[PDB]
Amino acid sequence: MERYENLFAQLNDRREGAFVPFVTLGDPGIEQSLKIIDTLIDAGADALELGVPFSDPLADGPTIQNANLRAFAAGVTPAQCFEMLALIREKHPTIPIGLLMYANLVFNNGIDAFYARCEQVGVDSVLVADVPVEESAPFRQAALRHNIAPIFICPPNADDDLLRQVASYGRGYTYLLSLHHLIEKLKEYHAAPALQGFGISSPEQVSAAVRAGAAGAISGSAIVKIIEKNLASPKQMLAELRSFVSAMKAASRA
């Protein structure tokens, strides 16, 4: 949690939005993934959202589905993902790191153990994609016990009761699914700062999100497409990732 607080305070002092890339850990392999992540950070990522490959990701679109499949082709396991996370943290002490998880991988060897492992490697937040607020109690409780922010999605079809619950239960940031009024209401209820996600692929969308009152924007498919499109040239891949992240981050600045 604390890393997000520090980030948003720092960004607010610079009248600046957060730009937050998503990638799947171990796509297209462990080594290339570690390099990808270092490149995202060097290019100006303010935080990271990181997917752990799961067999049945029913909230992931085709682009992300294929990232998981590439990661699985490389033999990537949750255990290897946690080793990756420890090293990323050891390299980069302040950048917030969030995980995008599916419930079974969290519940598998015990909800408590999962969040304890997150805390040990230096993860800051966890969004469990198939756990709605209604089912979230054990997850959010375990997360808070281990100083991990539980992240909730605030979708379009969101009514006032849901806004209030998301505001009360969430920490770190609110995942605002792709909105001015939603943003005002979340602020009114003292919700965690909003990051807009879903379909963010161009600089103007980042500036738009910040203008609308969001604290930043998350981009996944756009980033993962660059990986998909450049599998044959790892060097070209990094270059294009650098270019894209730098442009997206620049759009967040005052």
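All residue numbers refer to positions in the sequence shown, first residue = 1. Only the largest set of C-alpha atoms that superpose within 1.5 Å between the two forms is called the rigid core.
**Student:** Which segment is farther from the shown form on average in 8 other deposited structures of this protein after a rigid core fit, 155 to 163 or 140 to 148, going by CA atoms?
**Tutor:** Higher root mean square deviation of C-alphas in 8 other deposited structures of this protein is shown by 155 to 163.
**Student:** Report the stretch with the higher root mean square CA deviation, pooled over structures and residues in 8 other deposited structures of this protein, choosing between 21 to 29 and 7 to 15 after a rigid core fit.
**Tutor:** Between 21 to 29 and 7 to 15, the one lying farther away in 8 other deposited structures of this protein is 7 to 15.
**Student:** According to the entry, how many residues of the deposited sequence fall between residue 178 and residue 179 and are not modelled? Options: none, 1 to 3, 4 to 9, 10 or more.
**Tutor:** 10 or more residues lack coordinates between residue 178 and residue 179.
**Student:** When the C-alpha temperature factors are averaged for each of 138 to 146 and 179 to 187, which stretch ends up with the higher value in the entry?
**Tutor:** Here the higher of the two C-alpha B-factor means belongs to 179 to 187.
**Student:** As stated in the PDB record, which stretch has the larger average Cα B-factor, 164 to 172 or 120 to 128?
**Tutor:** Taking the mean B-factor of the alpha carbons in each, 164 to 172 is higher.
**Student:** Just the C-alpha B-factor column, please: which of 113, 101, 74, 133 has the biggest number?
**Tutor:** It is 74.
**Student:** At the C-alpha atoms, which of 219, 39, 207, 66 reaches the highest B-factor in this entry?
**Tutor:** Reading the PDB entry, the winner on C-alpha B-factor is 66.
**Student:** Comparing residue 97 with the other modelled residues of its chain, is its CA B-factor in the lowest, middle or highest third?
**Tutor:** Tercile = lowest for this residue's CA B-factor.
**Student:** If you rank every modelled residue in this chain by C-alpha B factor, which third holds residue 79: lowest, middle or highest?
**Tutor:** Its C-alpha B-factor, which the entry lists for residue 79, ranks in the middle third among residues of this chain.
**Student:** Considering every modelled residue of the chain and its Cα B-factor in the PDB entry, is residue 245 in the lowest, middle or highest third?
**Tutor:** Tercile = middle for this residue's CA B-factor.
**Student:** Sorting the chain's modelled residues by C-alpha B-factor, tell me whether residue 48 ends up in the lowest, middle or highest third.
**Tutor:** For residue 48, whose C-alpha B-factor we compare with every modelled residue in the chain, the answer is the lowest third.
**Student:** Among the modelled residues of this chain, does the Cα B factor of residue 87 put it in the lowest, middle or highest third?
**Tutor:** It belongs to the middle third of the chain when residues are ordered by C-alpha B-factor.
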